[PDB]
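With ideal geometry, Cβ positions are generated from the backbone for all residues, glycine too; neighbour counts draw on all protein chains shown. Any read-out appearing in this document is the output of simple, stated calculations on the displayed coordinates, not a laboratory observation.
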Amino acid sequence: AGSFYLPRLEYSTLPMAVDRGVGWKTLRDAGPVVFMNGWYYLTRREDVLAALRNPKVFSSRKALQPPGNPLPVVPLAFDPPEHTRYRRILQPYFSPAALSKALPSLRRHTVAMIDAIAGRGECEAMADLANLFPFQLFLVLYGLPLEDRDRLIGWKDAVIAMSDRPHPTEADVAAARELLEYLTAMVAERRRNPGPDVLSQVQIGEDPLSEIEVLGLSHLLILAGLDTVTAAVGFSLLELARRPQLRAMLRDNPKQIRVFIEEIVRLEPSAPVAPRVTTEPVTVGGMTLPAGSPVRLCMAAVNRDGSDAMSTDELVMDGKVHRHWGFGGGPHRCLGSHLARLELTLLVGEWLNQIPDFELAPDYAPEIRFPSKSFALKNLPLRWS
Ligand code: HEM
Ligand SMILES: [Cl-]
C-alpha cells in the first residue's frame with residue numbers, strides 16, 4: 001500500500017532547547033517523512049544515508065546555489081562532475097596526514113589561549129574561548145595576520161546572521177563588503193606570490209582553481225568551518241564539566257579523547273540536517289515526492305536512532321567501534337572533518353592539561369537557542385579552584 005497521509009509538524013515547537021534526544025525523537029516518531037515549514041524532513045537511517053549518497057537524485061546545487069550572481073560556493077553547492085573535481089583538488093590539503101604537520105603550531109597557539117584563562121578560576125567558555133579558538137587556528141593554518149582576528153570574527157558573525165534574511169541592514173551590507181574586499185586582496189596576492197600554503201597551492205598545478213573559486217572556497221571555510229567547531233568546543237567542555245571521572249580518565253589520554261570527540265560530534269552535531277532538492281520523483285517511506293521537492297536529511301536524528309549500541313541517546317565511551325554521520329555522508333561529507341577532530345582533540349587535551357578539574361557555575365542549566373541559526377550552547381559558565 002502507498003502512503004497518502006503526510007505528517008506535519010511545526011519546527012519551532014520541537015522540544016530541542018534542553019535535550020536534542022527528545023527533539024529528534026519527537027521528529028523521528030512522527031514518520032519517515034515529516035513536513036515542517038516548507039521542507040520534507042527524511043528522518044530514518046535507510047533513507048537519509050541513501051539520499052546523502054545519491055547526488056544525482058538529491059541535488060546539493062539546487063538547494064544551495066544562491067540567487068543573483070554570487071561567488072561560487074566551492075564545493076558545498078556543486079554536484080558531480082564539478083563537485084568531484086573540487087573534492088579531488090582539495091582532498092590532499094585536508095587529510096589527516098597533511099594536517100598532522102600543523103600540529104606543533106596549532107598546539108602552541110592552543111596552549112597560549114588556555115594559558116590566558118587558567119589563572120582566572122572561571123570563564124564563560126563560549127565568549128572567552130569557543131567563539132575565538134576556531135578563527136585563531138584558521139589564521140595560523142592559512143597564514144593570515146594574527147592581528148586581524150577581531151575584525152574577521154566581526155565580519156563572520158555579521159555575514160552568518162544576515163544570510164537567507166530578506167532585509168539586511170546597512171551594517172550587514174558593509175560587513176559583507178569588507179570581508180569580500182579583504183579576502184579578494186589576499187587571494188590575489190597568493191596567486192602572484194605563491195607560498196607553501198593551501199590557498200597559494202590550489203591556484204597552481206595541472207588543474208588549478210581560479211581566483212574566484214578560491215575566493216568562494218575561502219568564504220565557505222569561514223562561514224561553515226568555524227562556528228561548527230565553536231559549537232563542538234562548548235559541548236565538549238560542558239560534558240567534561242559535569243563528568244568528573246571521565247575528565248580524570250581523559251587527561252593525558254589522546255586515545256580516549258579521540259573517542260570522546262567522536263561522541264560529541266555524534267550527539268551534538270553542529271549542522272544536524274543537510275538540505276537537498278530532488279531532481280526527479282522519489283519514493284521514501286512508501287511516499288512519493290515529486291521532482292523539485294525541498295528535503296532536509298536528518299543526520300542528528302539518525303545518530304540517535306537506537307538501531308545499535310553506537311546510536312543511542314547516551315554518551316558511550318565503551319565499545320570497539322564509534323561511528324556516526326555528524327560530519328554528513330556521501331560525497332559532501334565534511335571536507336574539514338579531519339581538521340575538526342584535530343582541533344577538538346587538541347583543545348580538550350590542552351584544557352585538561354592546565355584545568356584538569358572544573359565544574360559548571362551554580363544553577364546553570366545548559367540550553368541552546370531554539371529555533372535559531374545555531375545549535376550551540378547559549379553560554380557555558382565554568383568554575384575551578
Ligand atoms: C565539528 C565541526 C564540524 C561539523 C559538525 C561539520 C559538519 C559538516 C557537514 C554535516 C557537512 C555536509 C553538509 C552537506 O552535505 O550539505 C559539512 C561540509 C563541509 N564542511 Fe564541515 N563541519 C565541521 C567542521 C568543518 C571545518 C573545521 C571545516 C574547514 C575549516 C569545514 C568545512 C566544510 C566544507 C568545505 C564542507 C563542504 C564539503 C562539500 O560540499 O563537499 N567543516 N560539514
Ligand atoms: Cl555567571
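Which of the residues that make up the range 46-90 are within 20 Å of the chain's Cα centre (by Cα) and either aromatic (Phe, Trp, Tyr) or away from ligand 1 (no atom under 14 Å from the Cβ) (or both)?
Matches in the range 46-90: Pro66, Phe78, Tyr86.
So in the range 345-361, with the set limited to residues that are surrounded by fewer than 16 Cβ atoms within 10 Å (Cβ to Cβ) and within 13 Å of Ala118 (Cβ to Cβ), which one is nearest to ligand 2 (Cβ to nearest atom)?
Once the filter is applied, the top-ranked residue is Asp357.
Please find, within the range 27-65, the residue that is nearest to ligand 2 (Cβ to nearest atom) out of those that are of a type in the set (S, T, N, Q) and surrounded by 17 or more Cβ atoms within 10 Å (Cβ to Cβ).
In this case the residue turns out to be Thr43.
Tell me which residues, restricted to the range 124-171, are small (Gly, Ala, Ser) and either farther than 20 Å from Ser372 by Cα or touching a helix residue (DSSP H, G or I) at 6+ places or on another chain (Cβ under 9 Å) (or both).
If the condition is that a residue be small (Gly, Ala, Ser) and either farther than 20 Å from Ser372 by Cα or touching a helix residue (DSSP H, G or I) at 6+ places or on another chain (Cβ under 9 Å) (or both), then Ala125, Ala130, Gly143, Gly154, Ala158, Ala161, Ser163, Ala171 are the ones that fit.
Please go through (1) among the small types (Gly, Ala, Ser); (2) surrounded by fewer than 13 Cβ atoms within 10 Å (Cβ to Cβ); (3) within 15 Å of ligand 1 (Cβ to nearest atom) for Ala127 and return the number of the only condition it doesn't satisfy.
(3)
Evaluate the range 362-371: report whether one residue or more is part of a loop (DSSP other than H, G, I, E, B), within 16 Å of ligand 2 (Cβ to nearest atom) and among the aliphatic types (A, V, I, L, M).
Yes, the conditions are met somewhere in the range 362-371.
Which condition breaks for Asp128 when tested against (1) in contact (Cβ under 8 Å) with a residue 24 or more places away in the chain; (2) of a type in the set (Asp, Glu); (3) within 16 Å of ligand 2 (Cβ to nearest atom)?
Condition (1) is where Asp128 drops out.
Restricting the search to the range 14-25, which residues are surrounded by 17 or more Cβ atoms within 10 Å (Cβ to Cβ) and of a type outside the set (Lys, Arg)? Give the steps one after another, and end with the answer.
Kept after step one, since they are surrounded by 17 or more Cβ atoms within 10 Å (Cβ to Cβ), are these residues of the range 14-25: 14, 16-17, 20-21, 23-25.
Once the filter is applied, which keeps residues that are surrounded by 17 or more Cβ atoms within 10 Å (Cβ to Cβ) and of a type outside the set (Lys, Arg), the range 14-25 yields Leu14, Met16, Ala17, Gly21, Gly23, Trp24.
Under 6 Å by Cβ, and 6 or more places apart or on different chains, what pairs join a residue from the range 189-218 that is over 21 Å from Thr84 (Cβ atoms) with one that is within 16 Å of ligand 1 (Cβ to nearest atom) and small (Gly, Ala, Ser)?
Pairs that qualify, where the first residue is over 21 Å from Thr84 (Cβ atoms) and the partner is within 16 Å of ligand 1 (Cβ to nearest atom) and small (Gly, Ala, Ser), are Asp197/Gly143.
One line per residue, one yes/no per condition, for (1) hydroxyl-bearing (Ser, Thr, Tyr); (2) at negative phi:
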| residue | (1), (2) |
| --- | --- |
| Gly285 | no, no |
| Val295 | no, yes |
| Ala301 | no, yes |
| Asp305 | no, yes |
| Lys320 | no, yes |
| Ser337 | yes, yes |
| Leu344 | no, yes |
| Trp351 | no, yes |
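Quick check on the range 10-68: of everything there that is among the polar types (S, T, N, Q) and part of a loop (DSSP other than H, G, I, E, B), which residue is farthest from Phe327 (Cα to Cα)?
Result: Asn37.
Any idea which of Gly121, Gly225 is on the phi > 0 side of the Ramachandran plot and either touching a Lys or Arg at 6+ places or on another chain (Cβ under 6 Å) or in contact (Cβ under 8 Å) with a residue 40 or more places away in the chain (or both)? Please lay out each step first, then the result.
Details: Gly225 fails: on the phi > 0 side of the Ramachandran plot.
So the residue among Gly121, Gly225 that is on the phi > 0 side of the Ramachandran plot and either touching a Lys or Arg at 6+ places or on another chain (Cβ under 6 Å) or in contact (Cβ under 8 Å) with a residue 40 or more places away in the chain (or both) is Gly121.
Quickly run through the range 189-202 and pick out the residues that are buried (at least 18 other Cβ atoms within 10 Å of the Cβ) and assigned to a loop (DSSP other than H, G, I, E, B).
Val202
If you go through the range 124-164 one residue at a time, how many are among the aromatic types (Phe, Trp, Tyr) and either touching a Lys or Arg at 6+ places or on another chain (Cβ under 7 Å) or within 17 Å of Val233 (Cα to Cα) (or both)?
3
Do you know which residues across the range 150-178 are surrounded by 13 or more Cβ atoms within 10 Å (Cβ to Cβ), free of Cβ contacts under 8 Å to residues at least 40 places away in the same chain, within 25 Å of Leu137 (Cβ to Cβ) and among the charged types (D, E, K, R)?
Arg151, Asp157, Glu178
May I ask you to list the residues in the range 362-378 that are surrounded by 15 or more Cβ atoms within 10 Å (Cβ to Cβ) and more than 16 Å from ligand 1 (Cβ to nearest atom)?
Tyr364, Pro366, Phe370
Could you tell me whether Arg120 is closer than 30 Å to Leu352 by Cβ, within 16 Å of ligand 2 (Cβ to nearest atom) and of a type in the set (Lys, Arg)?
Considered against the rule, which asks whether it is closer than 30 Å to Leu352 by Cβ, within 16 Å of ligand 2 (Cβ to nearest atom) and of a type in the set (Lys, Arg), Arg120 comes out as yes.
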